[PDB]
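Considered here are two forms of the same protein chain, supplied as structure tokens in two stand-alone entries, structure 1 and structure 2.
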Structure 1
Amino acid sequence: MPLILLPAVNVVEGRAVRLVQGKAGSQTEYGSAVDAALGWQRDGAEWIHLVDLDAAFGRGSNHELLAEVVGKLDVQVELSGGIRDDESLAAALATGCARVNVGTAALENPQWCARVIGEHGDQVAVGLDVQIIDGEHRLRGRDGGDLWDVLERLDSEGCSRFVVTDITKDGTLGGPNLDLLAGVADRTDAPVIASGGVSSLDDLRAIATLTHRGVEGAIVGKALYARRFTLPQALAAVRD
């Protein structure tokens, strides 16, 4: 039952955007979101994590592009970014994506969040952005509440899935936060998707040690562009 890898495609201005490591150093590279997604699929991705960063900041939507990516893909898409109300949720689902992620809305509109969880079940996952200040696990994103408190509320509301990021300043410095991942996974019956803190295959292997504990997958972002490993290498590293 291997860890599912979800290569990320981040979308700004209708284009894919990534932080890349070239020979000379880091820079921001744009490309076609279709190209990036199809590339991952051919590399062996069964899931793409598609993020509308314009929507995430209300600076626009890339709805038609998002739909084109979902449509052209033969594999499944998890869609995220600015999914906050009835209108934006409908629009996200209208892309034909397998499921969506709700984030800040869980901290901002708990009742709407509970309503859409009940309505859409497995089509809705909640992103938990966790800051760790002096031992305390807090939620924030774009204070936002106690992590364990909000996790319990969401678990009891029937939340089907959680996406867990440690956003603590320098908290993913020595690799992914397995304590937090295992922390969340132990407190809910819902599967947990790891996001952030991945810079190597070893980081993925480490996350993979928690599959039997409820860590279903890992979103892989810029690490795929760091010229350290390929998606096929990553997929192979977690299956064996």
Structure 2
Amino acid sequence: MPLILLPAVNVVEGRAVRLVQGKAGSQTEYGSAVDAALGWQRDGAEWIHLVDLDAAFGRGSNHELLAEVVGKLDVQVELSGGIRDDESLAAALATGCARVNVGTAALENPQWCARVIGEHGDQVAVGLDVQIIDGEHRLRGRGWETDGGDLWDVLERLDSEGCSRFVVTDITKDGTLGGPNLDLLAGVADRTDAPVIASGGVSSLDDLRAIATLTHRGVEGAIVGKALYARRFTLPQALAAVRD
């Protein structure tokens, strides 16, 4: 199957935004989150990667608006941000979303995370957001403010636990239009049979073709934010590119 494309809708105060390397001072904005989501659906999206960035940064919630978005969409939503306990996991799932991503809690609450992987299966994926410095692949939590440990040790543990899916970001590529980190993606994909979703850095249709070349190694899809919002290319171009 071709690479699945997931347009990102990253929500700050109800708006679709992007950041450069997850840093608040670099925020660009693209309208209402609901209009963004509906637009990508109109354009052909199979999936929306819907992120509550206020919740990821521990500074607020867009949960009600995200529930509205999920409810209005016909297509599948992968929902994340703030999903750190039983209450917030249930609230997320109660929206009717297809699945969630857990970030911080995989780092800080491994037992909880293992429990929810166990109970929820394919509805729970883990986001592995990686900052690589001098070869050290570190996970980042809490809106990428915190250190969450070594990627490979955590990946190994999650994989052992049965984690359904991993959503992998090179944080230093996220929002940069600098290209995906294909090394990191292949590295993760080669260490798990669980599907991997590539997130961050896409800058061109050729970047998507490049990620597509990894589908056989288990890279199932790619999340695309800035290239779409900035109108580097269109969704149908992208959908067509991954089938070249």
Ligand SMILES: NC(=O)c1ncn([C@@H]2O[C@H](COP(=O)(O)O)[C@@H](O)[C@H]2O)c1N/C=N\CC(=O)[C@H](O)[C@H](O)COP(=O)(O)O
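Heads up, when I say rigid core I mean the largest set of C-alphas that superpose within 1.5 Å between the two forms. Here, a residue number simply tells you its place in the sequence of structure 1, counted from 1.
The chain as displayed in structure 1 is taken from the form deposited without the named molecule.
With a cut-off of 2 Å and the rigid core superposed, residue 209 has a Cα displacement that falls short of the cut-off between structures 1 and 2. Core-superposed comparison between structures 1 and 2: the Cα of residue 168 travels 2 Å or more.
Relative to the superposed rigid core, the position of the CA of residue 46 differs between structures 1 and 2 by less than 2 Å.
The shift recorded for the CA atom of residue 55 between structures 1 and 2 is 1.1 Å, with superposition on the rigid core. Once the rigid core is matched between structures 1 and 2, the CA atom of residue 23 is found 23.4 Å away. In this core superposition, residue 14 moves its Cα by 2.3 Å between structures 1 and 2.
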